[PDB]
Amino acid sequence: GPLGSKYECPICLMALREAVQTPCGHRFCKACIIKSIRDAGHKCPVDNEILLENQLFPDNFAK
Ligand SMILES: [Zn+2]
Ligand SMILES: [Zn+2]
């Protein structure tokens, strides 16, 4: 639809579910990134940095 993502998961083009931040600094949905790294390869699709499941940390939005 509208073009212009604001903290969005490019994998599903949906708003971030549970928001898991990578060490790369990119936040993805807690499932989309997992199903992209243990299925295709361990990388963030945007910029191809090596991403591991244990390296993912849910973002604290309670601040
Ligand atoms: Zn997603
Ligand atoms: Zn990245």
# chains A, B, ... in the order shown; residues from 1 in each chain; ligands from 1
>>> residues_near_ligand(ligand="ligand 2", cutoff="6 Å", atoms="only C-alpha atoms and all ligand atoms", output="list in words")
residues 24, 26, 44, 46, 47, 48 and 49 of chain A
>>> write_last_selection(atoms="N, CA and C atoms", output="PDB file, in the first residue's frame")
ATOM      1  N   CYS A  24      22.800  -6.099  14.602  1.00  0.00           N
ATOM      2  CA  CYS A  24      22.919  -5.226  13.456  1.00  0.00           C
ATOM      3  C   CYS A  24      22.186  -3.897  13.715  1.00  0.00           C
ATOM      4  N   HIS A  26      18.849  -3.722  13.542  1.00  0.00           N
ATOM      5  CA  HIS A  26      17.576  -3.800  12.842  1.00  0.00           C
ATOM      6  C   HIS A  26      16.590  -4.624  13.645  1.00  0.00           C
ATOM      7  N   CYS A  44      20.358 -11.040   8.050  1.00  0.00           N
ATOM      8  CA  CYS A  44      19.258 -10.109   7.946  1.00  0.00           C
ATOM      9  C   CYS A  44      19.072  -9.738   6.471  1.00  0.00           C
ATOM     10  N   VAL A  46      17.843  -7.349   4.750  1.00  0.00           N
ATOM     11  CA  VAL A  46      18.059  -5.977   4.293  1.00  0.00           C
ATOM     12  C   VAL A  46      19.514  -5.742   3.854  1.00  0.00           C
ATOM     13  N   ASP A  47      20.452  -6.137   4.699  1.00  0.00           N
ATOM     14  CA  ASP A  47      21.863  -5.795   4.487  1.00  0.00           C
ATOM     15  C   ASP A  47      22.803  -6.995   4.630  1.00  0.00           C
ATOM     16  N   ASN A  48      22.228  -8.179   4.790  1.00  0.00           N
ATOM     17  CA  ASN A  48      22.978  -9.455   4.816  1.00  0.00           C
ATOM     18  C   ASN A  48      24.029  -9.575   5.920  1.00  0.00           C
ATOM     19  N   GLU A  49      23.739  -9.057   7.096  1.00  0.00           N
ATOM     20  CA  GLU A  49      24.605  -9.308   8.243  1.00  0.00           C
ATOM     21  C   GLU A  49      24.237 -10.642   8.865  1.00  0.00           C
TER      22      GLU A  49
END
>>> closest_atom_pairs(of="chain A", to="ligand 1", cutoff="9 Å", atoms="only C-alpha atoms and all ligand atoms", output="JSON lines")
{"residue": "A:8", "atom": "CA", "partner": "ligand 1", "partner_atom_place_in_ligand_line": "1 (Zn)", "distance": 7.4}
{"residue": "A:9", "atom": "CA", "partner": "ligand 1", "partner_atom_place_in_ligand_line": "1 (Zn)", "distance": 4.4}
{"residue": "A:10", "atom": "CA", "partner": "ligand 1", "partner_atom_place_in_ligand_line": "1 (Zn)", "distance": 6.8}
{"residue": "A:11", "atom": "CA", "partner": "ligand 1", "partner_atom_place_in_ligand_line": "1 (Zn)", "distance": 5.4}
{"residue": "A:12", "atom": "CA", "partner": "ligand 1", "partner_atom_place_in_ligand_line": "1 (Zn)", "distance": 4.5}
{"residue": "A:13", "atom": "CA", "partner": "ligand 1", "partner_atom_place_in_ligand_line": "1 (Zn)", "distance": 6.4}
{"residue": "A:14", "atom": "CA", "partner": "ligand 1", "partner_atom_place_in_ligand_line": "1 (Zn)", "distance": 5.4}
{"residue": "A:15", "atom": "CA", "partner": "ligand 1", "partner_atom_place_in_ligand_line": "1 (Zn)", "distance": 6.6}
{"residue": "A:16", "atom": "CA", "partner": "ligand 1", "partner_atom_place_in_ligand_line": "1 (Zn)", "distance": 5.7}
{"residue": "A:17", "atom": "CA", "partner": "ligand 1", "partner_atom_place_in_ligand_line": "1 (Zn)", "distance": 6.4}
{"residue": "A:19", "atom": "CA", "partner": "ligand 1", "partner_atom_place_in_ligand_line": "1 (Zn)", "distance": 8.7}
{"residue": "A:28", "atom": "CA", "partner": "ligand 1", "partner_atom_place_in_ligand_line": "1 (Zn)", "distance": 5.9}
{"residue": "A:29", "atom": "CA", "partner": "ligand 1", "partner_atom_place_in_ligand_line": "1 (Zn)", "distance": 4.2}
{"residue": "A:30", "atom": "CA", "partner": "ligand 1", "partner_atom_place_in_ligand_line": "1 (Zn)", "distance": 7.3}
{"residue": "A:31", "atom": "CA", "partner": "ligand 1", "partner_atom_place_in_ligand_line": "1 (Zn)", "distance": 6.8}
{"residue": "A:32", "atom": "CA", "partner": "ligand 1", "partner_atom_place_in_ligand_line": "1 (Zn)", "distance": 4.5}
{"residue": "A:33", "atom": "CA", "partner": "ligand 1", "partner_atom_place_in_ligand_line": "1 (Zn)", "distance": 7.0}
>>> select_by_dssp(residues="region 12-59 of chain A", states="strand (DSSP E)", output="number ranges by chain")
A: 14-15, 20-21, 27-28, 57-58
>>> write_last_selection(atoms="N, CA, C and O atoms", output="PDB file, in the first residue's frame")
ATOM      1  N   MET A  14       4.840  -6.115   7.475  1.00  0.00           N
ATOM      2  CA  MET A  14       3.890  -5.876   8.555  1.00  0.00           C
ATOM      3  C   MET A  14       4.585  -5.167   9.701  1.00  0.00           C
ATOM      4  O   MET A  14       5.824  -5.118   9.752  1.00  0.00           O
ATOM      5  N   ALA A  15       3.797  -4.598  10.600  1.00  0.00           N
ATOM      6  CA  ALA A  15       4.327  -3.971  11.799  1.00  0.00           C
ATOM      7  C   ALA A  15       5.046  -5.009  12.653  1.00  0.00           C
ATOM      8  O   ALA A  15       4.698  -6.196  12.620  1.00  0.00           O
ATOM      9  N   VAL A  20      12.084  -7.977  17.686  1.00  0.00           N
ATOM     10  CA  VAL A  20      13.366  -8.491  18.117  1.00  0.00           C
ATOM     11  C   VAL A  20      14.498  -7.765  17.417  1.00  0.00           C
ATOM     12  O   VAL A  20      14.605  -7.776  16.183  1.00  0.00           O
ATOM     13  N   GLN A  21      15.299  -7.078  18.199  1.00  0.00           N
ATOM     14  CA  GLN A  21      16.414  -6.338  17.674  1.00  0.00           C
ATOM     15  C   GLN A  21      17.607  -7.247  17.428  1.00  0.00           C
ATOM     16  O   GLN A  21      17.952  -8.096  18.261  1.00  0.00           O
ATOM     17  N   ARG A  27      15.367  -4.150  13.734  1.00  0.00           N
ATOM     18  CA  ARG A  27      14.328  -4.842  14.468  1.00  0.00           C
ATOM     19  C   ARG A  27      13.402  -5.559  13.497  1.00  0.00           C
ATOM     20  O   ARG A  27      13.014  -4.998  12.476  1.00  0.00           O
ATOM     21  N   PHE A  28      13.071  -6.791  13.812  1.00  0.00           N
ATOM     22  CA  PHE A  28      12.209  -7.617  12.977  1.00  0.00           C
ATOM     23  C   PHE A  28      11.171  -8.293  13.854  1.00  0.00           C
ATOM     24  O   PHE A  28      11.291  -8.266  15.082  1.00  0.00           O
ATOM     25  N   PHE A  57      17.286 -10.216  20.501  1.00  0.00           N
ATOM     26  CA  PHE A  57      16.776  -9.792  21.781  1.00  0.00           C
ATOM     27  C   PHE A  57      15.527  -8.966  21.573  1.00  0.00           C
ATOM     28  O   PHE A  57      15.549  -7.993  20.809  1.00  0.00           O
ATOM     29  N   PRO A  58      14.405  -9.348  22.210  1.00  0.00           N
ATOM     30  CA  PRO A  58      13.166  -8.581  22.121  1.00  0.00           C
ATOM     31  C   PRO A  58      13.385  -7.162  22.619  1.00  0.00           C
ATOM     32  O   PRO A  58      14.047  -6.941  23.641  1.00  0.00           O
TER      33      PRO A  58
END
>>> atom_distance(atom1="CA of residue 45 (chain A)", atom2="CA of residue 5 (chain A)")
15.4 Å
>>> closest_residue(among="A:60, A:22, A:1, A:7", to="residue 43 (chain A)", atoms="only C-alpha atoms")
A:22
>>> select_by_dssp(residues="chain A", states="helix (DSSP H, G or I)", output="ChimeraX atom specification")
/A:34-37,53-55
